[PDB]
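Chemist: This is the content of entry_35.cif (mmCIF, N, CA and C atoms):
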data_my_file
#
loop_
_atom_site.label_atom_id
_atom_site.label_comp_id
_atom_site.auth_asym_id
_atom_site.auth_seq_id
_atom_site.Cartn_x
_atom_site.Cartn_y
_atom_site.Cartn_z
N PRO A 1 0.83 -1.22 0.00
CA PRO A 1 0.00 0.00 0.00
C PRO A 1 0.86 1.26 0.00
N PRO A 2 0.27 2.39 -0.34
CA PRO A 2 0.95 3.68 -0.23
C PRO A 2 1.32 3.95 1.25
N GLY A 3 2.32 4.77 1.48
CA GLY A 3 2.59 5.25 2.82
C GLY A 3 1.50 6.18 3.34
N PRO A 4 1.66 6.62 4.59
CA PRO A 4 0.71 7.56 5.20
C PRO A 4 0.99 8.98 4.72
N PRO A 5 0.06 9.88 4.96
CA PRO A 5 0.23 11.28 4.58
C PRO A 5 1.51 11.90 5.18
N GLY A 6 2.13 12.80 4.41
CA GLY A 6 3.34 13.47 4.86
C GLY A 6 3.08 14.49 5.96
N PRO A 7 4.17 15.08 6.47
CA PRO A 7 4.03 16.07 7.53
C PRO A 7 3.35 17.34 7.06
N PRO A 8 2.63 17.98 7.96
CA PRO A 8 2.14 19.34 7.71
C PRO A 8 3.29 20.25 7.24
N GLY A 9 2.98 21.14 6.32
CA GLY A 9 3.94 22.14 5.88
C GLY A 9 4.31 23.12 6.97
N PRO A 10 5.34 23.91 6.69
CA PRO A 10 5.76 24.93 7.65
C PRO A 10 4.70 26.00 7.82
N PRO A 11 4.74 26.64 8.97
CA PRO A 11 3.89 27.80 9.19
C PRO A 11 4.11 28.88 8.12
N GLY A 12 3.05 29.56 7.75
CA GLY A 12 3.20 30.75 6.92
C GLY A 12 4.01 31.82 7.63
N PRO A 13 4.62 32.72 6.86
CA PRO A 13 5.46 33.75 7.48
C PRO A 13 4.62 34.78 8.23
N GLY A 15 3.39 38.39 9.40
CA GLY A 15 3.00 39.57 8.64
C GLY A 15 3.84 40.79 8.94
N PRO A 16 4.06 41.66 7.95
CA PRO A 16 4.88 42.84 8.21
C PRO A 16 4.17 43.82 9.13
N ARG A 17 4.96 44.72 9.72
CA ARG A 17 4.41 45.80 10.52
C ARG A 17 3.50 46.69 9.66
N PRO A 19 0.98 50.03 8.81
CA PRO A 19 1.28 51.41 8.43
C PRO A 19 1.43 52.32 9.65
N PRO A 20 2.05 53.48 9.42
CA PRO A 20 2.07 54.54 10.44
C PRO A 20 0.65 54.89 10.89
N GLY A 21 0.51 55.31 12.13
CA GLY A 21 -0.76 55.82 12.59
C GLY A 21 -1.11 57.15 11.95
N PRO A 22 -2.35 57.58 12.12
CA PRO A 22 -2.76 58.90 11.64
C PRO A 22 -1.96 60.02 12.27
N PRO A 23 -1.85 61.13 11.56
CA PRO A 23 -1.28 62.35 12.20
C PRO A 23 -2.01 62.73 13.50
N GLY A 24 -1.28 63.28 14.46
CA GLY A 24 -1.91 63.75 15.67
C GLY A 24 -2.78 64.98 15.47
N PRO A 25 -3.51 65.37 16.51
CA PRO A 25 -4.36 66.57 16.42
C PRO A 25 -3.53 67.85 16.47
N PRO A 26 -4.12 68.96 16.09
CA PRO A 26 -3.45 70.26 16.26
C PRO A 26 -3.14 70.50 17.73
N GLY A 27 -2.13 71.31 18.00
CA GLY A 27 -1.85 71.70 19.37
C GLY A 27 -2.96 72.55 19.96
N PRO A 28 -2.81 72.90 21.24
CA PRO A 28 -3.85 73.72 21.86
C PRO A 28 -4.04 75.08 21.20
N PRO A 29 -5.25 75.63 21.31
CA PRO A 29 -5.53 76.99 20.85
C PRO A 29 -4.61 78.05 21.55
N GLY A 30 -4.35 79.10 20.62
CA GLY A 30 -3.78 80.17 21.01
C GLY A 30 -4.65 81.15 21.80
N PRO B 1 5.80 -4.10 1.62
CA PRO B 1 5.40 -3.29 2.76
C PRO B 1 4.86 -1.91 2.37
N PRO B 2 4.23 -1.25 3.32
CA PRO B 2 3.70 0.10 3.02
C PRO B 2 4.84 1.04 2.59
N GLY B 3 4.54 1.95 1.70
CA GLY B 3 5.51 2.93 1.29
C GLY B 3 5.86 3.94 2.36
N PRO B 4 6.80 4.83 2.06
CA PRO B 4 7.21 5.83 3.05
C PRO B 4 6.18 6.92 3.23
N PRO B 5 6.28 7.65 4.32
CA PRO B 5 5.47 8.85 4.51
C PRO B 5 5.57 9.77 3.25
N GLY B 6 4.49 10.43 2.94
CA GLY B 6 4.48 11.40 1.87
C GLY B 6 5.40 12.57 2.12
N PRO B 7 5.62 13.40 1.10
CA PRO B 7 6.49 14.56 1.34
C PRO B 7 5.75 15.61 2.17
N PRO B 8 6.51 16.50 2.80
CA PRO B 8 5.93 17.62 3.56
C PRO B 8 4.93 18.44 2.72
N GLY B 9 3.90 18.94 3.36
CA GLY B 9 3.01 19.87 2.67
C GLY B 9 3.65 21.23 2.42
N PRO B 10 2.93 22.07 1.68
CA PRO B 10 3.40 23.41 1.37
C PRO B 10 3.33 24.31 2.60
N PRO B 11 4.04 25.43 2.58
CA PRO B 11 3.89 26.44 3.66
C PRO B 11 2.47 26.97 3.74
N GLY B 12 2.04 27.35 4.92
CA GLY B 12 0.80 28.09 5.07
C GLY B 12 0.87 29.43 4.39
N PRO B 13 -0.29 30.02 4.14
CA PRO B 13 -0.37 31.36 3.54
C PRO B 13 0.44 32.36 4.38
N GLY B 15 1.21 35.84 6.31
CA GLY B 15 0.50 36.65 7.29
C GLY B 15 0.18 38.04 6.77
N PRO B 16 -0.99 38.56 7.08
CA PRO B 16 -1.31 39.92 6.62
C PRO B 16 -0.51 40.96 7.39
N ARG B 17 -0.36 42.12 6.77
CA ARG B 17 0.25 43.27 7.43
C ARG B 17 -0.57 43.68 8.66
N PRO B 19 -1.85 46.18 11.79
CA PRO B 19 -2.71 47.37 11.77
C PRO B 19 -1.94 48.68 11.67
N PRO B 20 -2.60 49.71 11.17
CA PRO B 20 -2.04 51.09 11.31
C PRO B 20 -1.74 51.36 12.80
N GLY B 21 -0.72 52.16 13.05
CA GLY B 21 -0.41 52.54 14.41
C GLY B 21 -1.42 53.53 14.97
N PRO B 22 -1.21 53.94 16.22
CA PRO B 22 -2.14 54.87 16.87
C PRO B 22 -1.87 56.30 16.42
N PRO B 23 -2.80 57.19 16.74
CA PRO B 23 -2.64 58.59 16.35
C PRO B 23 -1.34 59.20 16.95
N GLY B 24 -0.74 60.11 16.20
CA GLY B 24 0.46 60.78 16.66
C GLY B 24 0.20 61.79 17.76
N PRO B 25 1.29 62.40 18.24
CA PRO B 25 1.16 63.36 19.34
C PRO B 25 0.53 64.64 18.88
N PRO B 26 -0.03 65.39 19.81
CA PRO B 26 -0.55 66.73 19.50
C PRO B 26 0.57 67.64 18.96
N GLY B 27 0.23 68.57 18.09
CA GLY B 27 1.16 69.58 17.66
C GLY B 27 1.46 70.60 18.72
N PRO B 28 2.33 71.57 18.39
CA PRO B 28 2.71 72.59 19.36
C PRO B 28 1.59 73.59 19.62
N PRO B 29 1.62 74.23 20.77
CA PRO B 29 0.58 75.24 21.10
C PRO B 29 0.48 76.31 20.01
N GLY B 30 -0.82 76.80 19.71
CA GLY B 30 -0.99 77.88 19.04
C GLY B 30 -0.80 79.18 19.83
N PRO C 1 6.69 -5.65 -2.99
CA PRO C 1 7.78 -4.72 -2.70
C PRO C 1 7.26 -3.52 -1.94
N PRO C 2 8.12 -2.56 -1.66
CA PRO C 2 7.65 -1.31 -0.97
C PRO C 2 6.63 -0.55 -1.82
N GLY C 3 5.60 -0.04 -1.16
CA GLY C 3 4.56 0.66 -1.86
C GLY C 3 4.96 2.07 -2.21
N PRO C 4 4.06 2.77 -2.93
CA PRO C 4 4.27 4.16 -3.29
C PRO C 4 4.37 5.10 -2.09
N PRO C 5 4.93 6.27 -2.30
CA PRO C 5 4.93 7.29 -1.28
C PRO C 5 3.50 7.62 -0.84
N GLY C 6 3.33 7.99 0.41
CA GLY C 6 2.06 8.51 0.84
C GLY C 6 1.71 9.85 0.21
N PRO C 7 0.47 10.29 0.40
CA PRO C 7 0.06 11.61 -0.06
C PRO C 7 0.89 12.73 0.56
N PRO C 8 1.03 13.82 -0.18
CA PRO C 8 1.67 15.01 0.39
C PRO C 8 0.94 15.47 1.66
N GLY C 9 1.68 16.05 2.59
CA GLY C 9 1.11 16.54 3.80
C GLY C 9 0.21 17.76 3.56
N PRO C 10 -0.58 18.11 4.57
CA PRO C 10 -1.41 19.31 4.38
C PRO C 10 -0.59 20.59 4.41
N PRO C 11 -1.19 21.67 3.92
CA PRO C 11 -0.59 23.01 4.07
C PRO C 11 -0.34 23.33 5.56
N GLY C 12 0.73 24.07 5.83
CA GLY C 12 0.98 24.50 7.18
C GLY C 12 -0.05 25.52 7.65
N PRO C 13 -0.03 25.84 8.95
CA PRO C 13 -0.94 26.88 9.43
C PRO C 13 -0.61 28.23 8.81
N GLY C 15 0.01 32.22 8.41
CA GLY C 15 0.85 33.23 9.05
C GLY C 15 0.04 34.21 9.90
N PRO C 16 0.63 34.72 10.97
CA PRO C 16 -0.08 35.68 11.81
C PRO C 16 0.00 37.08 11.23
N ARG C 17 -0.96 37.90 11.62
CA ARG C 17 -0.94 39.31 11.26
C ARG C 17 0.30 39.96 11.89
N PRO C 19 2.65 43.22 13.26
CA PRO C 19 2.41 44.10 14.40
C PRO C 19 1.87 45.46 13.97
N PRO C 20 1.25 46.14 14.91
CA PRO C 20 0.77 47.48 14.64
C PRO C 20 1.93 48.42 14.25
N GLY C 21 1.64 49.35 13.35
CA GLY C 21 2.58 50.37 12.98
C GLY C 21 2.98 51.30 14.09
N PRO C 22 3.97 52.16 13.80
CA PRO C 22 4.40 53.16 14.79
C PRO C 22 3.35 54.24 14.91
N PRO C 23 3.46 54.97 16.00
CA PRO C 23 2.58 56.15 16.17
C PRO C 23 2.70 57.10 14.97
N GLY C 24 1.61 57.78 14.66
CA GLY C 24 1.60 58.76 13.59
C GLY C 24 2.50 59.94 13.85
N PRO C 25 2.62 60.80 12.83
CA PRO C 25 3.41 62.02 12.96
C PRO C 25 2.76 62.99 13.93
N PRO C 26 3.56 63.88 14.50
CA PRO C 26 2.98 65.00 15.30
C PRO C 26 1.94 65.81 14.51
N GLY C 27 0.90 66.29 15.18
CA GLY C 27 -0.10 67.12 14.54
C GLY C 27 0.41 68.50 14.22
N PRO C 28 -0.40 69.26 13.51
CA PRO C 28 -0.04 70.63 13.16
C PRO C 28 -0.05 71.59 14.34
N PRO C 29 0.48 72.79 14.11
CA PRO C 29 0.42 73.88 15.08
C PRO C 29 -1.02 74.13 15.51
N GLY C 30 -1.26 74.54 16.86
CA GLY C 30 -2.46 74.82 17.23
C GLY C 30 -3.05 76.12 16.70
#
Would you write out, as structure tokens, the structure that this file holds?
Modeler:
Amino acid sequence: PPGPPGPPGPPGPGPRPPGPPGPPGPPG
Amino acid sequence: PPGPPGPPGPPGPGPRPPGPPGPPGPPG
Amino acid sequence: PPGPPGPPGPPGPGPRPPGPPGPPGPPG
């Protein structure tokens, strides 16, 4: 007969966008 | 006799969140 | 004699880090 199923493959490899700009500073 | 184990499977498929809002700007 | 190779293994299991903080905001 054929052998049994092979091993599971390796795990998939995710990269790190910048956050939104901050708010304006306090009112003058 | 039974054949050998099959070959390893393929690698799994990782997605890239945006960071948090930046700091407030300087006082007006 | 020895049988055929077993079936290929299944696909492996990738994980999704958050980006850096955004840029400073504009002048107030």
Chemist: With a distance cut-off of 8 Å and all atoms listed in the file, select the neighbouring residues of residue B:5, excluding the residue or stretch itself and same-chain residues fewer than 6 positions from it, and output the selection as an MDAnalysis selection string.
Modeler: (chainID A and resid 2:7) or (chainID C and resid 4:9)
Chemist: When the PyMOL selection byres ((chain A and resi 12-29) around 6.5) is applied to the file above, which residues end up in the set, as an NGL selection string?
Modeler: (:A and (10-11 or 30)) or (:B and (11-13 or 15-17 or 19-30)) or (:C and (12-13 or 15-17 or 19-30))
Chemist: Please write out, as JSON, where the centre of an axis-aligned box around all listed atoms of stretch 16-25 of chain B lies and how long its edges are, in Å to one decimal, after adding 8 Å on each side.
Modeler:
{"center_x": -0.8, "center_y": 51.6, "center_z": 13.0, "size_x": 20.1, "size_y": 42.1, "size_z": 28.7}
